[PDB]
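Q: Provided herewith: entry_12.pdb, PDB, C-alpha atoms.
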```pdb
ATOM      1  CA  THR B   1      20.930  22.726  13.796  1.00  0.00           C
ATOM      2  CA  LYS B   2      18.509  25.029  11.901  1.00  0.00           C
ATOM      3  CA  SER B   3      14.890  23.749  11.974  1.00  0.00           C
ATOM      4  CA  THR B   4      12.762  20.549  11.960  1.00  0.00           C
ATOM      5  CA  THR B   5       9.383  19.053  10.909  1.00  0.00           C
ATOM      6  CA  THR B   6       7.046  21.658  12.476  1.00  0.00           C
ATOM      7  CA  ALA B   7       3.265  22.016  12.038  1.00  0.00           C
ATOM      8  CA  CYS B   8       2.908  21.943   8.241  1.00  0.00           C
ATOM      9  CA  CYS B   9       0.410  21.151   5.500  1.00  0.00           C
ATOM     10  CA  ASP B  10       0.443  20.521   1.723  1.00  0.00           C
ATOM     11  CA  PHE B  11      -3.094  20.861   0.351  1.00  0.00           C
ATOM     12  CA  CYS B  12      -4.905  23.314   2.680  1.00  0.00           C
ATOM     13  CA  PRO B  13      -8.528  23.742   1.462  1.00  0.00           C
ATOM     14  CA  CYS B  14     -11.148  25.678   3.474  1.00  0.00           C
ATOM     15  CA  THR B  15     -14.927  26.071   3.759  1.00  0.00           C
ATOM     16  CA  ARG B  16     -16.528  29.314   2.488  1.00  0.00           C
ATOM     17  CA  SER B  17     -18.676  29.646   5.637  1.00  0.00           C
ATOM     18  CA  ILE B  18     -18.798  32.486   8.190  1.00  0.00           C
ATOM     19  CA  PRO B  19     -16.393  32.058   9.927  1.00  0.00           C
ATOM     20  CA  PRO B  20     -14.393  29.925   7.421  1.00  0.00           C
ATOM     21  CA  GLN B  21     -12.756  26.712   8.701  1.00  0.00           C
ATOM     22  CA  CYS B  22      -9.509  25.581   7.026  1.00  0.00           C
ATOM     23  CA  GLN B  23      -8.065  22.073   7.151  1.00  0.00           C
ATOM     24  CA  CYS B  24      -5.379  19.847   5.641  1.00  0.00           C
ATOM     25  CA  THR B  25      -6.147  17.082   3.124  1.00  0.00           C
ATOM     26  CA  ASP B  26      -2.515  15.918   3.123  1.00  0.00           C
ATOM     27  CA  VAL B  27      -1.568  12.239   3.041  1.00  0.00           C
ATOM     28  CA  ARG B  28       2.075  11.259   3.677  1.00  0.00           C
ATOM     29  CA  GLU B  29       4.017   9.580   6.519  1.00  0.00           C
ATOM     30  CA  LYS B  30       2.927  10.649  10.043  1.00  0.00           C
ATOM     31  CA  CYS B  31       0.777  13.716  10.742  1.00  0.00           C
ATOM     32  CA  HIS B  32       2.201  17.082  11.794  1.00  0.00           C
ATOM     33  CA  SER B  33       2.820  18.800  15.131  1.00  0.00           C
ATOM     34  CA  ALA B  34      -0.661  20.451  15.212  1.00  0.00           C
ATOM     35  CA  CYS B  35      -3.303  17.789  14.519  1.00  0.00           C
ATOM     36  CA  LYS B  36      -6.444  17.248  16.633  1.00  0.00           C
ATOM     37  CA  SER B  37      -7.839  14.934  13.974  1.00  0.00           C
ATOM     38  CA  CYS B  38      -5.123  12.582  12.727  1.00  0.00           C
ATOM     39  CA  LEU B  39      -5.985   9.243  11.088  1.00  0.00           C
ATOM     40  CA  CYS B  40      -4.448   6.804   8.566  1.00  0.00           C
ATOM     41  CA  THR B  41      -5.582   4.469   5.778  1.00  0.00           C
ATOM     42  CA  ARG B  42      -5.554   0.681   6.329  1.00  0.00           C
ATOM     43  CA  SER B  43      -4.140   0.249   2.787  1.00  0.00           C
ATOM     44  CA  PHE B  44      -0.671  -0.920   1.678  1.00  0.00           C
ATOM     45  CA  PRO B  45       1.315   1.229   2.308  1.00  0.00           C
ATOM     46  CA  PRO B  46      -0.678   2.543   5.317  1.00  0.00           C
ATOM     47  CA  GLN B  47      -0.291   6.325   4.884  1.00  0.00           C
ATOM     48  CA  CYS B  48      -1.141   8.743   7.686  1.00  0.00           C
ATOM     49  CA  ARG B  49      -3.115  11.929   7.311  1.00  0.00           C
ATOM     50  CA  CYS B  50      -3.972  15.147   9.214  1.00  0.00           C
ATOM     51  CA  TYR B  51      -7.545  16.558   9.165  1.00  0.00           C
ATOM     52  CA  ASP B  52      -7.062  19.421  11.688  1.00  0.00           C
ATOM     53  CA  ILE B  53      -9.527  22.337  11.923  1.00  0.00           C
ATOM     54  CA  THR B  54      -7.800  25.740  12.094  1.00  0.00           C
ATOM     55  CA  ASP B  55      -8.820  29.200  10.848  1.00  0.00           C
ATOM     56  CA  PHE B  56      -5.655  29.242   8.678  1.00  0.00           C
ATOM     57  CA  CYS B  57      -3.136  27.245   6.587  1.00  0.00           C
ATOM     58  CA  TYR B  58       0.415  26.131   7.541  1.00  0.00           C
ATOM     59  CA  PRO B  59       3.529  26.294   5.258  1.00  0.00           C
ATOM     60  CA  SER B  60       4.444  23.431   2.895  1.00  0.00           C
ATOM     61  CA  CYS B  61       5.671  20.122   4.339  1.00  0.00           C
ATOM     62  CA  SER B  62       8.136  17.421   3.274  1.00  0.00           C
TER      63      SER B  62
END
```
I need this file expressed as structure tokens, please.

A:
Amino acid sequence: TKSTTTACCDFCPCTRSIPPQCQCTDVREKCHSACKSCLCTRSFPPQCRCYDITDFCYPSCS
């Protein structure tokens, strides 16, 4: 008992628009606990990916 796999990211790039929109371009196992766009590749292995739109970035995942 301490913590768990919360809403994370790894690579968190953003647009330089007004306002700026930040996203995740992470690719791993399943997507995190704050994804509105989540989608996977059909490849082998099929890896799942989060493409959320937030104003900000989340801490590093595992």

Q: Enter the distance from CA of residue 5 in chain B to CA of residue 19 in chain B, in Å, rounded to one decimal.

A: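 We find that CA of residue 5 in chain B and CA of residue 19 in chain B lie 28.9 Å from each other.
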
Q: Figure out the distance between CA of residue 1 in chain B and CA of residue 52 in chain B, please, to one decimal in Å.

A: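 About the pair CA of residue 52 in chain B and CA of residue 1 in chain B: they are 28.3 Å apart.
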
Q: Just give me the gap between CA of residue 48 in chain B and CA of residue 20 in chain B in Å, one decimal is fine.

A: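 Between CA of residue 48 in chain B and CA of residue 20 in chain B the gap is 25.0 Å.
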
Q: Any idea what's packed within 12 Å of residue 55 in chain B, counting all atoms listed in the file, ignoring anything in its chain fewer than 4 positions away? Could you give it as a ChimeraX atom specification?

A: /B:12-24

Q: Hey, which of B:40, B:34, B:53, B:27 ends up closest to residue 8 in chain B? Count all atoms listed in the file.

A: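 Of the candidates, the smallest distance to residue 8 in chain B is held by B:34.
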